[PDB]
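# Structure at a glance
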Amino acid sequence: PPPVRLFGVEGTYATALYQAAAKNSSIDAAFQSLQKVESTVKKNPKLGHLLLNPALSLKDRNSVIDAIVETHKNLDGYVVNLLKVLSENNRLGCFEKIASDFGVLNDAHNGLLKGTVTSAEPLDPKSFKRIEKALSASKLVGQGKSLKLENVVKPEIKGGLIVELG
Amino acid sequence: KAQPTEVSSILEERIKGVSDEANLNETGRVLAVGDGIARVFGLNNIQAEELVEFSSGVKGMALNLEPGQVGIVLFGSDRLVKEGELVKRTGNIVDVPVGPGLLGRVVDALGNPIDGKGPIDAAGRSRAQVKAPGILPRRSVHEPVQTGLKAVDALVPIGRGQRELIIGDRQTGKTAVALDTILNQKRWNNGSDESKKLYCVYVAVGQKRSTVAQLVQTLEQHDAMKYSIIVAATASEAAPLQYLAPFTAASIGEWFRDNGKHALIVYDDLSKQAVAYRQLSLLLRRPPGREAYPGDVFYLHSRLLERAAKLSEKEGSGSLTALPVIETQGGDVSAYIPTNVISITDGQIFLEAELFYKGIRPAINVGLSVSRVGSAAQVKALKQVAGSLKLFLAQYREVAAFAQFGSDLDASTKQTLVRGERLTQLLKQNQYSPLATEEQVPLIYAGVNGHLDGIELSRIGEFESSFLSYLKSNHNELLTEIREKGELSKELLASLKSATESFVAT
Amino acid sequence: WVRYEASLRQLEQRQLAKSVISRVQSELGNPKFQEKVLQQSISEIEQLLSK
Amino acid sequence: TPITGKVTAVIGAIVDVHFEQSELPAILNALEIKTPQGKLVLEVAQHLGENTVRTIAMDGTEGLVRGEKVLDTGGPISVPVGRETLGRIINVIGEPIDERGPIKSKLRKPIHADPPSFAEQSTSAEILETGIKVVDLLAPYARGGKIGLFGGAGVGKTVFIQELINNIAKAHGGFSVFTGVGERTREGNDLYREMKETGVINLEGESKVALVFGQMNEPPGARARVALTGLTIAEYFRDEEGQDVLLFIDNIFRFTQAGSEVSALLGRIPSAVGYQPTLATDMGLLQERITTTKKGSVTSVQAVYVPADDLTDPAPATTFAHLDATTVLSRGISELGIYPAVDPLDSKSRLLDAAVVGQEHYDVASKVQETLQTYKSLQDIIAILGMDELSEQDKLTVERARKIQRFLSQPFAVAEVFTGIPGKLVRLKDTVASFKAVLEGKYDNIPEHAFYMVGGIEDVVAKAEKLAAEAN
Amino acid sequence: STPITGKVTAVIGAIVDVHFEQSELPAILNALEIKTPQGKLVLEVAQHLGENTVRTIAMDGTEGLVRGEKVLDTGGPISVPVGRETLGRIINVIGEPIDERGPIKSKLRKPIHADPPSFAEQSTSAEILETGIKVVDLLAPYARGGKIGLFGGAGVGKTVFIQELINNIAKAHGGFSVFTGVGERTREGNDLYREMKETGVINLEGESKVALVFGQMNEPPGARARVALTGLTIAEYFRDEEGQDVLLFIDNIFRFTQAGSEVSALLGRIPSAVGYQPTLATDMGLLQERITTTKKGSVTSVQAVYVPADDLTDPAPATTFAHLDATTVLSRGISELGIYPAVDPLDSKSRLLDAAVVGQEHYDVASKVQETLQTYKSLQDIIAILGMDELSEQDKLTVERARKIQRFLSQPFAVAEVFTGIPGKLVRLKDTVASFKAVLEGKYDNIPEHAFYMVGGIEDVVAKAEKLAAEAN
Ligand SMILES: Nc1ncnc2c1ncn2[C@@H]1O[C@H](COP(=O)(O)OP(=O)(O)O)[C@@H](O)[C@H]1O
Ligand SMILES: Nc1ncnc2c1ncn2[C@@H]1O[C@H](COP(=O)(O)OP(=O)(O)O)[C@@H](O)[C@H]1O
Ligand SMILES: Nc1ncnc2c1ncn2[C@@H]1O[C@H](COP(=O)(O)OP(=O)(O)O)[C@@H](O)[C@H]1O
Ligand SMILES: [Mg+2]
Ligand SMILES: [Mg+2]
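Residues numbered from 1 in each chain as written, not as in the entry; some residues may be left out. Chains lettered and ligands numbered in written order. Part of a larger assembly, values for the part shown. Heavy atoms only, no water.

cryo-EM is the method the PDB entry states for this structure, with the resolution given as 3.5 Å.

### Here we look at the pairing of strand β4 (residues 41-50) of chain E
Residue and element names in this part refer to chain E. Condition: Burial classes follow relative accessibility: with a 1.4 Å probe on protein chains only, a residue under 20% of its type's maximum area counts as buried, one over 50% as exposed, and anything between as partly exposed. Helix numbering and strand numbering both begin at the N terminus, where a helix is a DSSP run of H or I of at least 4 residues and a strand a DSSP run of E of at least 2. Strand pairing is defined by DSSP finding a minimum of two bridges between the two strands.
Counting buried residues along β4, 9 of its 10 residues qualify, which places the element largely inside the surrounding structure. Here 4 bridges tie strand β3 (residues 31-34) to β4, and the two strands are oriented antiparallel to one another. By the bridge assignment, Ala31 is partnered in β4 with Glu44. The turn joining β3 and β4, which pair antiparallel and follow one another in sequence, is formed by 6 residues; a positive phi near 150° is taken by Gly39.

### Comments concerning the site of ligand 1
Spelled out, the test is: Residues are labelled near a given molecule or strand when at least one of their non-hydrogen atoms is within 4 Å of it. Here a polar contact means two N or O atoms within 3.5 Å. Within protein one must be a hydrogen donor candidate and the other an acceptor candidate, and residues neighboring in sequence count only if both atoms are side-chain atoms. Using a 1.4 Å probe, the Shrake-Rupley method yields the accessible areas, and only the shown protein chains count as cover for residues.
Looking at ligand 1, there are 14 residues lining it, with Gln171, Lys174, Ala176, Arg361 and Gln431 of chain B nearest. Each of chains B and E places residues next to ligand 1. Between ligand 1 and the protein, one listed contact pairs an oxygen atom with a backbone N or O atom of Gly173 of chain B at 3.5 Å. A distance of 3.3 Å separates a nitrogen atom of ligand 1 from a polar atom in the backbone of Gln429 of chain B. With the chains in place, 80% of the 560 Å² that ligand 1 exposes on its own is no longer accessible. Tallying contributions element by element places helix α3 (residues 174-184) of chain B first for the shell around ligand 1, with 3 residues.

### Re the packing of aromatic side chains
All names here are of chain B. Note the threshold: Classification of ring pairs uses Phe, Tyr and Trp, with its six-membered ring standing for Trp, and accepts pairs whose centres are within 6.5 Å; under 30 degrees between planes counts as stacked, over 60 as edge-to-face, and the remaining range as tilted.
Scanning all chains against the criterion turns up 24 aromatic pairs over all chains. For the ring pair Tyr243 and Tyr277, a centre distance of 5.2 Å and an interplane angle of 25° mean the geometry is stacked. Taken together, the residues span a long stretch of sequence, with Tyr243 in helix α6 (residues 239-258) and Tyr277 in helix α7 (residues 271-283) at a distance of 34 residues. Of the two residues, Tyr243 and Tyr277, neither departs from the other in class, the shared state being buried.

### Quick word on the coordination of the magnesium ion (ligand 5)
Rule in force here: We call an atom a donor if it is N, O or S and sits within 2.8 Å of the metal, or 3.2 Å for Na, K and Ca. Water is not counted, so some sites may look partial.
Surrounding the magnesium ion (ligand 5) are the protein donor atoms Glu184 of chain E (OE) and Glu184 of chain E (OE), at 2.2 to 2.8 Å. Looking at where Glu184 of chain E falls in the secondary structure, it is placed in the loop between β13 (177-179) and α3 (186-199).

### Focus on the sheet that holds strand β15 (residues 247-250) of chain D
All names here are of chain D. The cut-off we apply is this: Here, two residues are considered to be in contact whenever any of their heavy atoms come within 4.5 Å of each other. Simply put, an axis is a line fit to the C-alpha atoms, just over the touching stretch for a helix, and the angle between two N-to-C directions goes from 0 to 180 degrees.
Taken in spatial order, the 7 strands line up as β8-β14-β13-β15-β16-β12-β17 in an open sheet, and their pairing is parallel. Here the strands that pair on one side only, and so sit at the sheet edges, are β8 (89-90) and β17 (325-329). Strands β8, β13 (176-181), β14 (209-214) and β15 of the sheet are contacted by helix α4 (residues 220-239), whose axis makes an angle of about 175° with β13.

Right, dumping it as structure tokens:
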């Protein structure tokens, strides 16, 4: 019973990893190892995302997946299995990573950047999503207010448009 | 102009109240908007075919709810909508305003007024998709729908709650016979007996706006717009609007049907609705069936049409009469959509260009035009009275079977051929000239006695007008007797025979 | 005269719609981007007070 | 603990349900969804994968959301079976459409049952006198067999089947079942009214016929499974009750139409003429359960709708092989004024054998068939050249076949709405005698009109005398 | 301001995919520019593919497009210059002049994508447009404020028919006319432009009361699609802002649907019947509803529908039939026998054929002409098989009379003198209705049917009969 549905379509790998972790343990350890993987990937751009091309034989994909295996086996948990199965499957590995962090975010942090008319970003770290969103919005309107690009209120234009058209 | 002021104030106050109490969080964000449809992620609590409001103002409706994303068909152009736009679910399945205030107004698929005559006064809101009445609530069609044309009334009568398909080729008189049926109701709608009043609902799906303007002005001239309802689904309007407009008009007619009133809804075109729904399916990623038509065009047509029925006395004795159309391609009756709709409707009315240019002005193809309730749903004065009026259809089929191609056997065959030719000569009726049953019956009777000695076939056109005038002068007693009583007595038949002999003598 | 008056109502509605552009431009140059933000923020606070 | 699932996708008439437990419901099981409008039933059709099952909705999918609670009944759709169903209208889910209260049936059998084995295939060649001249002459119906009413839209299938109910249903003696599959709801209403008038349905007492309706207003799943529901009712009557059954299915083709309908969205590659790939399979699975076993006999009459009047369409063409007695209603003969519209040529039955109907019956039917075939071979030659060019024997054959074709038309009691002539019950022996007399040339002088819309040869003589009297 | 730079990600034939950043997505049908070496390439946003990627349709050739090339957003849809300045100028889909007469100094550039004027229509379909062609002036009268179809397959003579329409009408019309030339021959456009120039219809140093649009079938599908839209923008600006009666002229409205199907084949859409685009009805209605009378001004449309494979049941010709007040179906079979124009007399049809608008006399004449022609077509089968002898005297007389009328339907056109070899004739409506009334009464039964071949009025019939009887015989 994963906290949030990725609905498959390139997102099944993240859900499978989360289920494998939730079976025993390592909801976090595998996740910081995966974050280290992504950091190593972005550290070398020409060598970290060009290598994820489909035009790559299985042997060289395996050599790459040993390549990320480095720095005192930071690869821990079932992440190694994810790279192993990705070598024999769809190669490039960023969106399922983002799906993994989003799933764990819904699992333990439960934040979302709503506000309807407000074009703000009030991220909240709390599972009880009843009233703390109001506190987050109050903090966001209090301090920060960097852009506040509302891009014209929609109620005014909508009401005017229905008024003139009858 | 205080009215625009207070309506603007009320609408803006309602907007403020909605903003104060909205708490919309699971509202969706558009991923990919195609050609008049958008796929949106979110709306985890969206109902299927539930209306939604995009941030740009274009309304939508949810056909396919895939896991994660749902397909929203747009009730308008995709100019305004863009990727990442907020969508606001209305929380209710798509519906249309219904009530008696819709009369005298022209509305779009959603029921919004498009005639520029002000806001729509609706007694309530009825779902666009409403389950058809069951086996028991219906009642056998017995009350006729007076079309006002000789051929269709005599050969293929339409009754209250019946579904008669006006199937035909391009510009063969389909909307024309629809219009004569529409206009003939002014005789009873101007009265007081609601049991005989028959409110009208036109469905202009796929027709062009100029044609709809022609329609509304034509109804205006012949004092008919007051009791008729125009649901226009312009071809330029979004395909979902064309798909939905007949359903909303069906709900509008069901309002009259469930309140003890009789409603005639003419599903004119409905092949344009078929192709619009084909477009809906073919951009909604639904694989098609036959000739690229989706799977449920049959289910769509049947579900839409079955809403038209004659309710029982326990349900108010109301009725809802359907007059759908099929635009065949080159007279191809044996095509998927045509035979599909024919299997739905309680009979069909076939019109081809062959009879249209051959002279038959209603273009009534007596062969493939059949009504599923012959004796019932017909005027008693016109059904059988003298017997020949009942096997009128069989006599026409015989005349077709032994037409001029067949060898003229003997004097009996010559008489039969003359009778058939005079009868098909009589059935021609000028457009916008609804001819009432009190005037139809004497003419049909004259087609059995005194028909053979007509002076040239071409002169029967003026002979009919002269016979009407004759029945008007010191014979209006007979006309009102056959109009009011409904049945024809033996003395009435003798009087009609005497009048026919006196006229044919002159 | 009736449909002339109807057309007159349509024309006055159209002229109000024409003046709507000047109405919009009135607030376009108005430094409205501060009071509106505060009002919508307090409206959001009131909205979430019930929830 | 009930098995619970959640709605994942609602694609038109099919709903995708995911179960969070390994105990997935089996195929054809009934899934229950609580809805404000009532109760929605879902029948499992496919196991998509990842604990997700693809189901077909029994009712409309109005107002369904992704996440609706889905309850598994633990078995297929169960409908009431027994004497309680007699005189009651049955929905696709066994519910009583008429508000006569719940059905107090002590047994509820699933609609999906195995067809009877080849061992229990008791077959007979008993004649069934339906009173229709064509049927008793050219395509004899078999008691306990399967009867087909093939025809296009507006050709006469519903009228013809109503005529069978009026004729044989009243005098059947046993328990018969009518199954309205994807048909006109008003047609079902007039059928209900007609059986109420004829007394075979007695609301306040005992009725002999069970009413099952899946009219076209129902969603495709209901149109597909209502035939199976009425079938299960008839099977319970045949086996457990040990009674002769007349399973009247009106336009069985709606089942295959709904199967092809759901197949496209079920991720199934369409077959020829845009049909479901499995059309023969599920259609035969339905048809075989309609059969006469050693425990009872089912004299089923099934109407078949041919799309575009095309008799080569895959559904009716394959349905032909599942049917003992065949009655084809073509639009062409109906266009000539023959209201029964039964084309005498392809209307064939297995009972047309000298060892079953008798040598004289076979000889008369064969002579009629060759006369109509000689007529049909002379369509174009007469139409484009003229009847004068034919030989004297050919002219005699043509005129006799015209007289025969007119004589095929018979007044149906339920057809007085169209003919205006009271219906006539022409007996089998009367029909055979009349047609052998006509084939012998005894009534060559009688005009062709006297054979139009008549009963026996005595009716032909009476009509000829009346025509002569009025002609003077 | 801040330019909106997009990167090309896919070039699928005439369809180009462009990827943008966050909150810079152009809307559907926006115009996008790329600085190609040969000039500028305009992209119309057909779909939003998500992930900030837009599926676009090319206005010109996609050769030389490298993935990742910078894409500039114009901020709106394609804008074509409008006003009396565009009169006498030749413009392609983009809006730039292609007449090599300098840039168009138009004050406004209305977008090619506009909403229909809704219910601002009028039921003024009661004014007969006298075109001079006797068959359409009798069988299918044209509406001054309506839409004319002018159907036909390959050959048949649809182009000469429309050209004759301009020659008879636009020369003496009270207003401006717009020709779009949607997916036709470029040589045909050059010839027809030269023809207007010779007649003074387009005077370079003068009034030049006609605006020309082009971008013929040599252009990619996106062009052929949107050239109808830009011509409609011209017509609508003349119709509303100028308040003038406009003579639209579309040489092949079917080519728009052909281009729509072509782009849909690459738009990732499951094909419709006969492999057309599913939205064929929707785009076709959006196209045709911009051609409406409207409260201000009026439009005459005048279309020309090409039926693929001479199939009148093809989805696009079937769809366009609804959006046409009057149609003129040209049948190839009639073209074989030589009666020119090849318009089918009993397949053209017109809403204007009613006694209220016509006058109950011309209406009766047309009805009897249809009577004779329908009887002739019904009897063709036995005429071929058996012959005229088998028919009775009435049927024989009807067949001979119908043959005479069908021959009389042929009319020489001034734009087809090189083909007929006979000077063109412009027959007035009263003249032709009187002539056909006289023919229907049998006053000219003795005259041979060949005297009705390539003639104008009944006086020309008498003259030709006399010449054949005396000089030839
Ligand atoms: N009495 C009549 N019945 C039918 N059609 C008529 C009659 N009188 C004239 N017509 C002509 O026949 C045409 C009917 O075609 P219509 O009903 O408009 O079909 P569609 O709406 O499919 O084009 C009209 O354009 C009209 O001009
Ligand atoms: N025996 C008959 N007598 C008179 N009319 C008949 C007869 N059979 C068929 N018809 C005609 O054919 C039509 C039959 O329609 P019906 O059979 O109910 O539709 P379907 O063929 O789709 O079942 C009726 O309208 C009726 O006029
Ligand atoms: N008025 C006319 N006189 C003689 N021939 C004509 C006339 N109008 C058209 N045609 C014929 O039209 C044919 C092809 O015309 P056109 O319409 O240009 O072809 P398409 O329809 O394929 O574009 C030519 O064979 C020509 O003879
Ligand atoms: Mg019409
Ligand atoms: Mg051309």
